[PDB]
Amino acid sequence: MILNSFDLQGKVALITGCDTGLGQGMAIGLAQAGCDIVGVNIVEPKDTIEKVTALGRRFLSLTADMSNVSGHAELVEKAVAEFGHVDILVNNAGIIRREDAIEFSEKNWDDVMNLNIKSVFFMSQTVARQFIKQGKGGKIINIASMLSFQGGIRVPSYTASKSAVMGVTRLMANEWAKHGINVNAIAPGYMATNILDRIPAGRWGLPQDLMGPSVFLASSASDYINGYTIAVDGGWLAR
C-alpha cells in the first residue's frame, strides 16, 4: 500500500540549521512522519525541540559550527550512539550576504561558500560513510534555491554556492547510488522567513510548504529519484 511508502516510522534524520523557519519546518515535518531527529545548530532550537518532543519523537540537540569540517565525524558518531543509525540527512544550515558584486568582500565570499557548499559536501561525505557502514542505504536532501537557476543580484557567493549545490547533488547521486543512497535537493521559492506578482501561486511560500516534499524525498516513495532538484516555488520558475 503506497501510503506506507511515505511513513518514516523508525527513521533517524539529521537536520542542520533547524532552530527556525525552513529547517524547523522540515525537522517538524520529518518528525510528524515518524522520524527521531538529530539537530545541529549554532542557536539552541528550543521551540523546535518542544514541537518535536510534543509529537512523541526524540530530539538530540547538538551545538556546532557546521563550517568546521573536522567537527563533522563526531556529530555523526554521537547521533549513531544515541539512535543506533542515521538514515536521512538534510543540509539546511546556510547563510546569505548581500553586497554589490563590484564591492563584494572576500569575507562575504568565504563565509557563505564555507557553509553553503563546502560544509554541505563534507557533511554529506561524513554521513555517506555511515550509510555505507550500515549497509541499508540512505537519503540526503540538499537545499538549493531559485538562485541555482537564475543569477539574482548582490549575492554572488550565495548564487555560486547554490548553483554548486545543484551540481554536486548530481555527482553524489552518480557516485553513491551503488551504495543505495539517494541524493536530491529541494529548491524553495521566495518564502516568508528571515516578487509576489511573479509567483503564480499568488503567495509567499512557508516552512509548512517544505514538509511534504522533504518527507517525500526522505522516504521509499522517491527511491527512483536521484540527483535531482525539485522546485517548491509556487510556479516561480514557470512564469
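Counting begins at 1, following the sequence as shown.
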{"item": "Missing from the model but present in the deposited sequence, between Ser70 and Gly71", "value": "none"}
{"item": "Stretch with the higher entry mean CA B-factor, where the candidates are 52 to 60 and 31 to 39", "value": "52 to 60"}
{"item": "Greater mean Cα temperature factor according to the PDB record, 93 to 101 or 130 to 138", "value": "130 to 138"}
{"item": "Criterion, highest CA B-factor; candidates, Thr229, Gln9, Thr16, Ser222", "value": "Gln9"}
{"item": "Assigned third (lowest, middle, highest) for the C-alpha B factor of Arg170", "value": "lowest"}
{"item": "Cα B factor band for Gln208 (lowest, middle or highest third within the chain)", "value": "highest"}
{"item": "Position of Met66 among the chain's modelled residues by C-alpha B-factor, lowest, middle or highest third", "value": "middle"}
{"item": "Entry-reported Cα temperature factor of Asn184, expressed as the chain third it lands in", "value": "lowest"}
